[PDB]
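Coordinate-derived values only; no laboratory data. Please note: Cβ atoms are built from the backbone with ideal geometry, for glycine as well, and neighbour counts cover all protein chains shown.
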Amino acid sequence: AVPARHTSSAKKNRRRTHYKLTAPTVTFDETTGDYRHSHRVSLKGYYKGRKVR
Amino acid sequence: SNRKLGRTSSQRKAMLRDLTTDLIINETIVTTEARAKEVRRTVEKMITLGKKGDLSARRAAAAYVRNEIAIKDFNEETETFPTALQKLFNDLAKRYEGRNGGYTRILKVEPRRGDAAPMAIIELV
Amino acid sequence: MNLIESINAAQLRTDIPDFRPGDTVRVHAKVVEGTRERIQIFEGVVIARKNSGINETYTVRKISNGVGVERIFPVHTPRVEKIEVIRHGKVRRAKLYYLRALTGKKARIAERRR
Amino acid sequence: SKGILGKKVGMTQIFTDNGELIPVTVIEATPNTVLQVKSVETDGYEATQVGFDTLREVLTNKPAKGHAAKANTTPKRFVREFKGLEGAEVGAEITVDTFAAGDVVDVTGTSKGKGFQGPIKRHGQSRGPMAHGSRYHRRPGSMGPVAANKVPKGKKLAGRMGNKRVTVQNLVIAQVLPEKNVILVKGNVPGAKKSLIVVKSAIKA
Amino acid sequence: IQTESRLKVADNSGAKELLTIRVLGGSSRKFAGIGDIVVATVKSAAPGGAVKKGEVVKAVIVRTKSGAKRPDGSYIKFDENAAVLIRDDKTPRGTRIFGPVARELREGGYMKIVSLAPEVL
RNA sequence: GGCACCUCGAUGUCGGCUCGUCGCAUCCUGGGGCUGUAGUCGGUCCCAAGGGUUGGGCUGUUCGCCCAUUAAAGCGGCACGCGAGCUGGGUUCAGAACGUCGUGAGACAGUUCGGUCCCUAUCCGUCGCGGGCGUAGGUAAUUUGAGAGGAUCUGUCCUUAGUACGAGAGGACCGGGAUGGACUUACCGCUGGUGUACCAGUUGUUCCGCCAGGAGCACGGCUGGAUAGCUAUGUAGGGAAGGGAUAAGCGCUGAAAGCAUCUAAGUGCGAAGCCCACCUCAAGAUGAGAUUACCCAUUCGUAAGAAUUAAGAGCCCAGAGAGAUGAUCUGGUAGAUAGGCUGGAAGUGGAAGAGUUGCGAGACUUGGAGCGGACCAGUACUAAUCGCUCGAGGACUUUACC
RNA sequence: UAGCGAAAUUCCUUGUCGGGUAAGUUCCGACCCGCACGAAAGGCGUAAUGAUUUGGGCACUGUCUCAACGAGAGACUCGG
RNA sequence: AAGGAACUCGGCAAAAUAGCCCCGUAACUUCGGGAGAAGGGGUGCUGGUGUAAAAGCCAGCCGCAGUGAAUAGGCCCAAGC
């Protein structure tokens, strides 16, 4: 429960190694933008090439 | 599957029992993906019961629907839209009887800025 | 389970007559202790049948020595050959575990025949 | 010597002979698809890395159609081994009707994946007492004697469980009533839903 | 079954009560279904019969909730729970072993109890 | 017992529950000798720790006693095994009481009732699943097996044969078979149990303007069930027979010592011991294996590298045989991968309406009716579209022959 | 002295016997050897009364044989 | 399930019973009590007829279940204080 000794900060970051965030795949400039994700909706209503608000 | 919804089955049946009538009094609806998945199972088969216009079987659907006032108006005037019953089971479904099931389409809306909630739009056609 | 219904549909016997939930049934069994193939007739008020497939079928509750007894066996078992309805008993529900008490009028009365 | 390339469709019960209601089961009995022999010289063992389950175009790979390279034709999905062989052709061989290891079959499956469990749930120790004002129930027990500043290993304590292949011995069915596509086996044949049940026999027999 | 349970009578014994102690299983059974020799003792008895206050005796189990599945696969016979007293061996105590019984005792050494049993099932 | 050397800025000290492990001075199972052993049953020791070594009553408490047992009802060690796992019947608060002692204040392990057991895992260690690299190319399948684990038990009956033995009584050895008992693996078609979106009945209550038919709430209002899946008590399984080295023991021939002598060479036999053999984990087995196939050998001064990209692999999505999540598997329309649709089971039990009878309550016809979740077959009706990222061009040295 | 006595009192010791109990140091009844009972520090009785303390029995029973199932909350996956 | 307290120092907790009516009710007693002793029965609806002041009747209809759920005593024996 209660820790014994001090974490050395290098080992603390060695705990913090796998903790990182993962980039989501973003569809890039479509006309000149704007963006969606694949399997997701654009800001212009577009999923599967048709506007749905 | 037929899942737990994060709510007591009282409120699964009940929250379901609200959102179905909401999703027919409005046309297409954006709410979250899990309740969208129970739409995907449930509201398909029970508006498929909506295809048959039995007064007895739609009376069994009278549990599934509830008393409403339309905003697809003018229900209050001469007849354009019904109540929750007895005409929209053709005003919708006459388009929908040649089709062999499969009346919603589900589209993954951009997730919500509240608590990172990915929510969706379901449509009926 | 269509290959299940193929294989388990095969080799079964058809001749088992229809019957609604339980009643007193003439049973025609062949078991023998003397290894001489002796007819063992059995009787007693069936509770009902078990459901769910060709295997899972009825019991027989014979109480007729002051002890309730049961006999669960499949219909298509060739060791039994013949079973007969003595009273066409029709009651409300399927599997009368309410049959566990008040012996008299449940015993003489389950018929509701037409 | 046992081309038992196939899955089940489930678990049943049938009377077979002189009645005798037996928990009964089956294997799909798909035609065997055995590759070449691959003798002891190039690789010290004997067995066959037999192919099985007949893919469509999508599930393949240029080492899979490229396994129809060094095979002749028809890439497949699953590959096991069988030591004890007869050998007919490089890629695909003879079907169910031959049986050449034994009818107490020692059947091999890959068990049902029930997940991570409780401590008792398959490790089978005594669940703790409930009543009488004690907190302790559903927790397996102490494990470290005091004289070492250690704990030992070996004692099963927890574990994500179920995907563990088992080779149970002497499953009891006789010379099988065949088909183009059945194999009668008995009852609690291991494995899972959509699991291949390939089996060598008579290793304790 | 479980031991240390009071059971009713099915034989000319006069012992109104019969609670066994432990059936062997070598030393390691916690079941007495059918076909097996158990170790009774009595707490209540008739004005007749042998003797009443806690007497270690031997017995044969007769009625259970259900014993073993038959090699038929047809299923097991009676509902409630009873047994009879052993007459020092596989002999029965008296003539009227009253109430029914099943055939699955005769395969032990019990066929004389079966002979003094009116009907089998 | 003694010893005061750590522990007074904390070594929580009974017994029990759970969970075990080792030791052998071996309790049973194994072999063998001796016997004041005719056997049967015994005594006795030698080798043996592979496995197993009961359940209750009483005793807070060890010890011990009783019952009934089996193969036997082992002895110990381990912080009298284990309280950051647990209980708190035991001293070990304060109360109160007795007895006894003390004028008293109180006391006396003398008794008894009641009496105040926290910790949100940091490391190491455990259990299970992952990422990053490596295994002189990138891959993708296959396995060997260096090694590591698991598991080992035991009745009962018959035959051999009431023979041998033995006046008899009694009762074999060896060896065949059959059959339990646990323990443990698998799995839920069976006995079932359970089932929170399945069907029935049904109390009370509000509401669907009326009723009917329904809804909500009353633990899931209660109850009869029960599809799936899960689960034992449900179902099946094992510990077989081997090999080899043997311990103990028993051998031949033999030698000082012409004899003798299982020993000194030299040769045998010989056990649940050991090891292999039965099962599982297994090349991060850096020695990183061995095999099967594919891509190949690119563009840029490429010295350095850099950037393509093959073969792929992946993101992303769908779902579950899988699952905390990752990861696994199934798939991504060249489609049954999930949901719907259709058909059927599926359990329920004769829907509703309508009509008939009946003062009504109700009965009956339509009508195995009607309904129906995780159950199978088909069905593209939706969703797996579109897209994007990572990802080899393979170094030396020697011989063979490159 | 009366009267009670293995006492909430006897470690004397599982006192003895009998009953409950197959199994019975605890329980009851007698015995009474009273270390060390005991009379207004009341003693012996005493129905009803007790969140009493025990001992036995009936009833019901997942406490336990030997567990298993589902519902909710954390846990745990992510966002704050 | 089946079995019951075999668990434990200890049926500890949970279980189960309870409403209303109507029967019936030991022991001792300080004669009130005990005692709701215990144990038993009934309990839904339909039409009558009688119930409105008023239960009971009759028949039927039903029921797994009739204080249909909720809410509401486990009892007994004995001893000590």
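Taking (1) away from chain C (no Cβ under 14 Å); (2) closer than 28 Å to residue D:104 by Cα; (3) exposed (fewer than 15 other Cβ atoms within 10 Å of the Cβ) in turn, residue D:151 satisfies each apart from (2). Residues considered: E:10, E:45. Of these, the only one that is more than 14 Å from chain C (Cβ to nearest Cβ), in a loop (DSSP other than H, G, I, E, B), more than 7 Å from RNA strand F (Cβ to nearest atom) and crowded, with 19+ Cβ neighbours inside 10 Å is E:45. Of all the listed residues (E:23, E:51), the sole one being in a loop (DSSP other than H, G, I, E, B) and away from RNA strand H (no atom under 14 Å from the Cβ) is E:51.
Scan the range B:85-98 and tell me whether some residue there is in contact with a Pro (Cβ under 6 Å, 6 or more places away or on another chain) and more than 16 Å from RNA strand H (Cβ to nearest atom). Talk me through it step by step, then tell me what you get.
We begin by selecting, within the range B:85-98, every residue in contact with a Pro (Cβ under 6 Å, 6 or more places away or on another chain); these are B:88.
When the remaining residues are screened for being more than 16 Å from RNA strand H (Cβ to nearest atom), the result is B:88.
There is at least one residue in the range B:85-98 that is in contact with a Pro (Cβ under 6 Å, 6 or more places away or on another chain) and more than 16 Å from RNA strand H (Cβ to nearest atom).
Out of D:100, D:131, D:147, one residue alone is more than 6 Å from RNA strand F (Cβ to nearest atom) and more than 26 Å from residue D:183 (Cα to Cα). It is D:131.
Flag set for residue D:74, criterion: more than 7 Å from RNA strand F (Cβ to nearest atom) and either of a type in the set (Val, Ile, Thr) or free of Cβ contacts under 8 Å to residues at least 24 places away in the same chain (or both). Residue check: residue E:27 meets all listed conditions (1) without any contact (Cβ under 8 Å) to a residue 12 or more places away in the chain; (2) away from chain D (no Cβ under 14 Å); (3) surrounded by 21 or more Cβ atoms within 10 Å (Cβ to Cβ) but one, namely (3). Taken over the range B:95-120, the residue count meeting the criterion of being among the hydrophobic types (A, V, I, L, M, F, W, C) and within 11 Å of RNA strand F (Cβ to nearest atom) is 3.
When residues in the range D:18-49 are screened for being more than 22 Å from residue D:93 (Cα to Cα) and in contact (Cβ under 8 Å) with a residue 40 or more places away in the chain, 4 of them pass. Output the residue which, of all residues in the range B:59-101 that are within 13 Å of the chain's Cα centre (by Cα) and without any contact (Cβ under 8 Å) to a residue 60 or more places away in the chain, is surrounded by the most Cβ atoms within 10 Å (Cβ to Cβ). The qualifying residue surrounded by the most Cβ atoms within 10 Å (Cβ to Cβ) is B:89.
Among the residues of the range E:59-80, those identified as surrounded by 15 or more Cβ atoms within 10 Å (Cβ to Cβ), charged (D, E, K, R) and part of a loop (DSSP other than H, G, I, E, B) are E:70, E:72, E:77, E:79. Quick check on residue E:83: is it within 29 Å of residue C:29 (Cβ to Cβ), away from chain D (no Cβ under 14 Å) and in a loop (DSSP other than H, G, I, E, B)? When the stated conditions are applied, residue E:83 does not pass them.
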